[PDB]
Amino acid sequence: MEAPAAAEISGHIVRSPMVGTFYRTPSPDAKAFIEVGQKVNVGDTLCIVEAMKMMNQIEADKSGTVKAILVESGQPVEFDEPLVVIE
């Protein structure tokens, strides 16, 4: 009879599968892919990442709720590098 109780999910952590950059919005005066305090389901965008001289969107790989954004909009990322933390 706790947070988990059953099913169990355990927060996740988006690890830039490709070195480059990371973004949270398609623009400066644009909406945010993930609004802190929202839920995401497998198939919902979590953020973006710059690589291969082109934008690379990141779709949630496991439905969950925001947790904390380590990387910032535009901040560079590396391999096995943590980006966003989901719950």
# chains A, B, ... in the order shown; residues from 1 in each chain; ligands from 1
$ select_by_dssp --residues "chain A" --states "strand (DSSP E or B)" --output "VMD selection string"
chain A and resid 12 to 16 20 to 23 39 to 40 45 to 51 54 to 59 64 to 69 76 to 77 81 to 86
$ residues_around --residues "residue 63 (chain A)" --least-positions-apart "4" --cutoff "8 Å" --atoms "only C-alpha atoms" --output "PyMOL selection string"
chain A and resi 39-42
$ closest_residue --among "A:7, A:53, A:22, A:66" --to "residue 83 (chain A)" --atoms "only C-alpha atoms"
A:22
$ residues_around --residues "residue 67 (chain A)" --least-positions-apart "2" --cutoff "10 Å" --atoms "only C-alpha atoms" --output "VMD selection string"
chain A and resid 11 to 13 36 to 38 64 to 65 69 to 70 84 to 87
$ write_last_selection --atoms "N, CA, C and O atoms" --output "tab-separated table (two decimals), in the first residue's frame"
chain	number	residue	atom	x	y	z
A	11	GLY	N	10.48	5.77	-11.83
A	11	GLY	CA	10.86	6.86	-12.71
A	11	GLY	C	11.94	6.42	-13.70
A	11	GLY	O	12.65	5.44	-13.46
A	12	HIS	N	12.04	7.17	-14.79
A	12	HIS	CA	13.02	6.87	-15.82
A	12	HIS	C	13.92	8.09	-16.04
A	12	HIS	O	13.69	9.15	-15.46
A	13	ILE	N	14.93	7.90	-16.87
A	13	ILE	CA	15.87	8.97	-17.18
A	13	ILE	C	16.27	8.89	-18.65
A	13	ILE	O	16.87	7.91	-19.08
A	36	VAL	N	5.99	20.71	-17.38
A	36	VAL	CA	6.25	20.21	-16.04
A	36	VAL	C	4.94	20.09	-15.27
A	36	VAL	O	4.26	21.09	-15.03
A	37	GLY	N	4.61	18.85	-14.91
A	37	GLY	CA	3.39	18.59	-14.18
A	37	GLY	C	2.34	17.92	-15.08
A	37	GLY	O	1.15	17.93	-14.77
A	38	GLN	N	2.83	17.35	-16.17
A	38	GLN	CA	1.95	16.68	-17.11
A	38	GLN	C	2.34	15.20	-17.24
A	38	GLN	O	3.42	14.80	-16.81
A	64	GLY	N	4.92	8.04	-18.22
A	64	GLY	CA	5.27	8.44	-16.87
A	64	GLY	C	5.00	9.93	-16.66
A	64	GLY	O	4.53	10.62	-17.56
A	65	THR	N	5.32	10.39	-15.46
A	65	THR	CA	5.12	11.79	-15.12
A	65	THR	C	6.47	12.49	-14.92
A	65	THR	O	7.42	11.88	-14.43
A	69	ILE	N	14.12	18.16	-15.06
A	69	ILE	CA	14.87	18.36	-16.29
A	69	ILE	C	16.31	18.74	-15.95
A	69	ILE	O	16.56	19.83	-15.42
A	70	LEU	N	17.22	17.83	-16.26
A	70	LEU	CA	18.63	18.06	-15.99
A	70	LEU	C	19.21	18.96	-17.08
A	70	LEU	O	19.93	19.92	-16.79
A	84	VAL	N	16.34	14.32	-19.44
A	84	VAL	CA	15.19	14.58	-18.60
A	84	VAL	C	14.93	13.36	-17.70
A	84	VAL	O	15.22	12.23	-18.09
A	85	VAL	N	14.40	13.63	-16.52
A	85	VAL	CA	14.10	12.57	-15.57
A	85	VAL	C	12.59	12.48	-15.38
A	85	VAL	O	11.94	13.46	-14.99
A	86	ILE	N	12.06	11.29	-15.65
A	86	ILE	CA	10.63	11.06	-15.50
A	86	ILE	C	10.39	10.18	-14.28
A	86	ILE	O	11.31	9.55	-13.76
A	87	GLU	N	9.13	10.15	-13.85
A	87	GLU	CA	8.75	9.36	-12.69
A	87	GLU	C	7.82	8.22	-13.12
A	87	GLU	O	6.85	7.92	-12.42
$ closest_residue --among "A:19, A:14, A:3, A:9" --to "residue 51 (chain A)" --atoms "only C-alpha atoms"
A:19
$ residues_around --residues "residue 20 (chain A)" --least-positions-apart "2" --cutoff "9 Å" --atoms "only C-alpha atoms" --output "ChimeraX atom specification"
/A:16,18,22,49-52,75-79
$ atom_distance --atom1 "CA of residue 25 (chain A)" --atom2 "CA of residue 80 (chain A)"
21.7 Å
$ atom_distance --atom1 "CA of residue 8 (chain A)" --atom2 "CA of residue 68 (chain A)"
19.4 Å
